[PDB]
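Residue numbers (PDB author numbering), protein chains in the order written: chain A, 495 to 620, 641 to 676, 690 to 691; chain B, 27 to 67, 81 to 143, 153 to 172, 187 to 247, 264 to 297; chain C, 939 to 940, 944 to 987; chain D, 298 to 346; chain E, 396 to 441. Backbone N, C-alpha and C fix where the C-beta goes; we use that ideal spot for every residue, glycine too. Structure, as structure tokens:
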Amino acid sequence: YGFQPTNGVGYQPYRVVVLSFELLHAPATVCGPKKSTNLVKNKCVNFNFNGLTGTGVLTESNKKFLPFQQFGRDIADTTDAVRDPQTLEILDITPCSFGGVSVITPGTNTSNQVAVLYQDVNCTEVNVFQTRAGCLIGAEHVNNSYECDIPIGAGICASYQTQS
Amino acid sequence: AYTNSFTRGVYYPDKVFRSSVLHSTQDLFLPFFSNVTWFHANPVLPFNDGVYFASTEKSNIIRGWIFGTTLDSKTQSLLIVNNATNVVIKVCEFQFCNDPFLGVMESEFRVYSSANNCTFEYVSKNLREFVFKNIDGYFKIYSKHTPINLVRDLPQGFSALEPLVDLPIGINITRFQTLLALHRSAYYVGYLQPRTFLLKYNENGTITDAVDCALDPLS
Amino acid sequence: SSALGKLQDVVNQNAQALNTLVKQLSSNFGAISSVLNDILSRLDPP
Amino acid sequence: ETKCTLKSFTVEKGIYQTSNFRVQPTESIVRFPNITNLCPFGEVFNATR
Amino acid sequence: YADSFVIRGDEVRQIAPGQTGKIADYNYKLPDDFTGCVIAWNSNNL
Ligand SMILES: *[C@@H]1O[C@H](CO)[C@@H](O[C@@H]2O[C@H](CO)[C@@H](O)[C@H](O)[C@H]2NC(C)=O)[C@H](O)[C@H]1NC(C)=O
Ligand SMILES: *[C@@H]1O[C@H](CO)[C@@H](O[C@@H]2O[C@H](CO)[C@@H](O)[C@H](O)[C@H]2NC(C)=O)[C@H](O)[C@H]1NC(C)=O
Ligand SMILES: *[C@@H]1O[C@H](CO)[C@@H](O)[C@H](O)[C@H]1NC(C)=O
Ligand SMILES: *[C@@H]1O[C@H](CO)[C@@H](O)[C@H](O)[C@H]1NC(C)=O
Ligand SMILES: *[C@@H]1O[C@H](CO)[C@@H](O)[C@H](O)[C@H]1NC(C)=O
Ligand SMILES: *[C@@H]1O[C@H](CO)[C@@H](O)[C@H](O)[C@H]1NC(C)=O
Ligand SMILES: *[C@@H]1O[C@H](CO)[C@@H](O)[C@H](O)[C@H]1NC(C)=O
Ligand SMILES: *[C@@H]1O[C@H](CO)[C@@H](O)[C@H](O)[C@H]1NC(C)=O
Ligand SMILES: *[C@@H]1O[C@H](CO)[C@@H](O)[C@H](O)[C@H]1NC(C)=O
Ligand SMILES: *[C@@H]1O[C@H](CO)[C@@H](O)[C@H](O)[C@H]1NC(C)=O
Numbered sequence: 495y496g497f498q499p500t501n502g503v504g505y506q507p508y509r510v511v512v513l514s515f516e517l518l519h520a521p522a523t524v525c526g527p528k529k530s531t532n533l534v535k536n537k538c539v540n541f542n543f544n545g546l547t548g549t550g551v552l553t554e555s556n557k558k559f560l561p562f563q564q565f566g567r568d569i570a571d572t573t574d575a576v577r578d579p580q581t582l583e584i585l586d587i588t589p590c591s592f593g594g595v596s597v598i599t600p601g602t603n604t605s606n607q608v609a610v611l612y613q614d615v616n617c618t619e620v641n642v643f644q645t646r647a648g649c650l651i652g653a654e655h656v657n658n659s660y661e662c663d664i665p666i667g668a669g670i671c672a673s674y675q676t690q691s
Numbered sequence: 027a028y029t030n031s032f033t034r035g036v037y038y039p040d041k042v043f044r045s046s047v048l049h050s051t052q053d054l055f056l057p058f059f060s061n062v063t064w065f066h067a081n082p083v084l085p086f087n088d089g090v091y092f093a094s095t096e097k098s099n100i101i102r103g104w105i106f107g108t109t110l111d112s113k114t115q116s117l118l119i120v121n122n123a124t125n126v127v128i129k130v131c132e133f134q135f136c137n138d139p140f141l142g143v153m154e155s156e157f158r159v160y161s162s163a164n165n166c167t168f169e170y171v172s187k188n189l190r191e192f193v194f195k196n197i198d199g200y201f202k203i204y205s206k207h208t209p210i211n212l213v214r215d216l217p218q219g220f221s222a223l224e225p226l227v228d229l230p231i232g233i234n235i236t237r238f239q240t241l242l243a244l245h246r247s264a265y266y267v268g269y270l271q272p273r274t275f276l277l278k279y280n281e282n283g284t285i286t287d288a289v290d291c292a293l294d295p296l297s
Numbered sequence: 939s940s944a945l946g947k948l949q950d951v952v953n954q955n956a957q958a959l960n961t962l963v964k965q966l967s968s969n970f971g972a973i974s975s976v977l978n979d980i981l982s983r984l985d986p987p
Numbered sequence: 298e299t300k301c302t303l304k305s306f307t308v309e310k311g312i313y314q315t316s317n318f319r320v321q322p323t324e325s326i327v328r329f330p331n332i333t334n335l336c337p338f339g340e341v342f343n344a345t346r
Numbered sequence: 396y397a398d399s400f401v402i403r404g405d406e407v408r409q410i411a412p413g414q415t416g417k418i419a420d421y422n423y424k425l426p427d428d429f430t431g432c433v434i435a436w437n438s439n440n441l
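Structure follows, in structure tokens:
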């Protein structure tokens with residue numbers, strides 16, 4: 495080619511690069527970059543650390559891994575800790591609160607009022643009274659002791675007095 | 027010569043931390059109380088399924104290994120070397136001396161005579191154990207450096223080996239060798271089989287004891 | 939102070958059963974994995 | 298809800314399990330190792346000759 | 396419901412209950428809960 499600067503387009507030099515991706519039969523190789531995002535703590539989230547996928551609330555911990563160890567698990571083999579791959583800090587994993595809901599009825603033939611128990615849940619995550647059976651909403655906590663009427667649990671009972 | 031390991035060649039088989047528990051695994055291990063070859067100072084050995092490899096000295100006579108199927112050209116092989124500088128992993132097609140070594153002036157490296165088609169490079187008394195294995199195109203290397211209070215005999219005790227490297231090569235392996243620094247101015267080889275072990279984990283997460291579950295009725 | 946085996950056994954039996962229940966959440970029963978986020982990631986809905 | 302789970306327009310005094318409850322994930326996060334092997338294409342796409 | 400059209404001769408297996416394909420993913424879909432028949436016959440003579 496005798497290239498010259500006063501050549502019409504289609505006679506001027508073009509530089510070409512041909513990328514050819516091949517896949518023999520190895521174990522792996524080059525791939526595209528994996529974008530990430532900041533880490534928030536003390537909220538039920540959907541996390542993903544390197545491929546470790548789950549959901550729950552992440553707090554900071556008092557464990558000490560070994561430099562090559564990347565996550566922890568307990569008896570029954572559930573993941574209960576993790577290392578995040580940028581801070582090099584280990585974080586506790588706690589499942590996000592759950593439970594049952596029970597309604598306390600004084601009998602529909604007597605009233606339409608009800609109380610509600612959220613079983614083994616702290617009261618913040620739902641007048642309002644904290645038992646050892648859970649959080650109880652819609653019942654007043656009196657100071658006298660009667661015979662048990664409706665069993666709530668852990669020593670507490672409920673009843674329709676006087690009207691409430 | 028041949029010698030008897032006692033409880034040797036235990037490595038962490040995964041990245042998982044564990045507090046004070048007893049965890050059971052199935053993997054490739056060096057059985058307890060095994061028949062390990064003894065070498066003094081060497082020849083082409085087999086691989087066939089992983090390798091345990093200890094060594095003892097204060098100087099550094101053991102200067103890496105060489106791996107592969109043919110240890111020559113016409114097929115690819117690995118080469119792991121250490122001059123007085125630092126480690127040099129390398130993967131080409133080579134032409135290896137049938138008796139390859141390096142001298143100690154301090155001029156050396158009569159190891160190979162060819163370095164073609166390189167597909168991977170890298171550059172940068188005592189008891190030094192290593193476990194080499196090769197699964198799904200990955201060549202894993204575990205290692206541990208314990209100090210003996212002897213010079214060159216295989217001691218007794220428990221010491222778990224921590225993972226070092228991971229190489230996505232793809233290379234086939236059937237044979238391996240060793241490399242030594244000559245004189246110009264002791265090592266063992268076990269093999270690994272599929273066993274089932276019971277590892278005792280400390281509260282910091284280290285393996286402190288183990289049980290080989292196919293030794294005897296008590297185990 | 940220096944025998945309560947009948948009380949210890951009912952505790953042990955219940956714990957041994959509850960652990961076997963959770964340890965079954967990691968068997969395939971003839972599937973590609975034990976995780977639903979792995980069958981919902983490398984398979985189409987059909 | 299009690300009347301639904303009991304299948305009846307009358308209910309008698311007691312305590313009744315009616316449903317479950319659980320907190321939902323607020324958002325999603327992702328973590329990964331930093332970059333280092335960006336792999337320079339400013340040699341093949343940026344050559345002098 | 397009679398749905399009547401014409402396609403390329405290749406993606407006749409693209410009209411099926413539950414599948415992936417450039418014809419099935421963009422121009423015509425059937426539910427996996429399909430119930431009915433599919434008839435196809437050649438046409439370049441019309
Ligand atoms: C990942 O990269 C970031 C920077 O991109 C590193 O963040 C620094 O961390 C050190 C702590 O060792 C801090 O003193 C610096 O202020 C941080 N700088 C920035 C810009 O965030 C982080 O250490 C790297 N981690 C790894 C494992 O490579
Ligand atoms: C080759 O190198 C040059 C210079 O480093 C790159 O040119 C830059 O391109 C960006 C986006 O078009 C501009 O914002 C910059 O101003 C350019 N550089 C300069 C110095 O002005 C170019 O992107 C590189 N080529 C490739 C393919 O990466
Ligand atoms: C339920 O209601 C009926 C109808 O009002 C009444 O006859 C009966 O006594 C009530 N049952 C009680 C109060 O236990
Ligand atoms: C419930 O949450 C409060 C708020 O942090 C906390 O102080 C308390 O210990 C928790 N448990 C009980 C039983 O109140
Ligand atoms: C119940 O009695 C205790 C006495 O220790 C008192 O502190 C509390 O305020 C009382 N509660 C009510 C609702 O009277
Ligand atoms: C190891 O095997 C060889 C094979 O002949 C045998 O001669 C030797 O006694 C064995 N060593 C031990 C410690 O069992
Ligand atoms: C050590 O050996 C490697 C093997 O190629 C070589 O690259 C390196 O230069 C050697 N060290 C010195 C100081 O030459
Ligand atoms: C490997 O080297 C030989 C000789 O140098 C050469 O013929 C062959 O093309 C090389 N392999 C590849 C994939 O280029
Ligand atoms: C390793 O050698 C075997 C010989 O049986 C061969 O079948 C296999 O393909 C080789 N490995 C690779 C990755 O090609
Ligand atoms: C490691 O374990 C030892 C004994 O089990 C313990 O005393 C120590 O606190 C742990 N943590 C260290 C050394 O950081």
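The continuous beta strand (DSSP E) containing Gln644 of chain A extends over residues 642–644. Contact annotation: in the stretch 527–544 of chain A, residues whose CB is within less than 9 angstroms of a CB in chain D are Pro527, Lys528, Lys529, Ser530, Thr531, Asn532, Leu533, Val534, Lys537, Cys538, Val539, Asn540, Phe541, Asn542, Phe543, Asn544.
With fewer than 16 other CB atoms across the displayed protein chains lying within 10 angstroms of its CB, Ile980 of chain C is exposed.
The way I'd put it, the stretch 509–517 of chain A doesn't touch the stretch 301–320 of chain D; fewer than three beta-carbon pairs between them come closer than 8 angstroms. When rounded, the separation of the alpha-carbon atoms in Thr302 of chain D and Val36 of chain B is 57 angstroms. Taking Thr114 of chain B as reference, the option from B:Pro295, B:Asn165, B:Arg44, B:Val267 with the minimal CA-CA separation is B:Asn165. If you check each beta-carbon in the stretch 47–61 of chain B against every beta-carbon of chain A, the ones closer than 8 angstroms belong to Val47. Relative to ligand 2, the nearest heavy atom lies less than 7 angstroms away from the CB of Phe342 of chain D.
With its beta carbon less than 8 angstroms from one in chain A, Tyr200 of chain B belongs to the interface. From the listed residues B:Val127, B:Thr109, B:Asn121, the smallest Cα separation to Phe135 of chain B is found for B:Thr109. At a threshold of 7 angstroms, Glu516 of chain A does not count as near ligand 10, since its beta carbon sits no closer than that to any of the ligand's heavy atoms.
DSSP places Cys131 of chain B in the strand class (E or B) of the three-state scheme. Across the structure, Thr274 of chain B and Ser555 of chain A are spaced so that their CA atoms are roughly 33 angstroms apart. The stretch 563–579 of chain A makes no contact with the stretch 400–417 of chain E: fewer than 3 CB pairs, one atom from each, lie closer than 8 angstroms. Exclusion of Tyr266 of chain B from the 7 angstroms shell around ligand 6 follows from its C-beta lying no nearer than that to any non-hydrogen atom of the ligand. Taking C-alpha positions only, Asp215 of chain B is separated from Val576 of chain A by approximately 41 angstroms. The C-beta distance from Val127 of chain B to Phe238 of chain B rounds to 17 angstroms, too long to fall under 8 angstroms, and the pair is not in contact.
Contact with chain A is found for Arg328 of chain D, since one of that chain's Cβ atoms lies less than 8 angstroms from the residue's Cβ. At least one heavy atom of ligand 10 is found less than 7 angstroms from the C-beta of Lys558 of chain A.
Against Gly413 of chain E, the close residues of chain C are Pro987, in the order they occur along the chain (beta-carbon pairs closer than 7 angstroms). Note that the C-beta distance between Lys41 of chain B and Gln564 of chain A is below 8 angstroms. A residue is listed when its beta-carbon falls short of 6 angstroms from at least one non-hydrogen atom of ligand 1; in chain order these are A:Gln580, A:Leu582, D:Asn331.
Every residue whose Cβ sits closer than 5 angstroms to any heavy atom of ligand 8 is listed here in chain order: B:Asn164, B:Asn165.
Annotation: Cβ neighbours of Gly283 of chain B in chain A (cutoff 7 angstroms, chain order): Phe559, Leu560, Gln563. Runs of beta strand (DSSP E) with 3 or more residues, each lying fully within the stretch 503–588 of chain A, are found at 538–543, 546–554, 575–577, 584–588, listed in chain order. The set of residues whose C-beta lies within less than 5 angstroms of a heavy atom of ligand 7 reads, in chain order, B:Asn122, B:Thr124, B:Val127.
Judged by DSSP secondary structure, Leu277 of chain B falls within the beta strand (DSSP E) whose first and last residues are 271–279. The beta carbon of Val963 of chain C sits closer than 8 angstroms to some beta carbon of chain A. When DSSP states are grouped into helix, strand and coil, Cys301 of chain D belongs to the helix group. Listed along the chain, the chain C residues whose CB falls inside 7 angstroms of the CB of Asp571 of chain A are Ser967. Along the stretch 215–227 of chain B, going in chain order, the ones with a CB nearer than 8 angstroms to a CB of chain A are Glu224, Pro225. Distances from the alpha-carbon of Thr333 of chain D to those of A:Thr531, A:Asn606, A:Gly526, A:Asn532 put A:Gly526 closest.
In the DSSP assignment, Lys41 of chain B is bridged to no other residue. Taking the beta carbon of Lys41 of chain B as reference, the chain A residues within 8 angstroms of it are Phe562, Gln563, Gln564, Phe565, listed in sequence order. Spanning the alpha carbons of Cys131 of chain B and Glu583 of chain A requires a straight line of approximately 39 angstroms.
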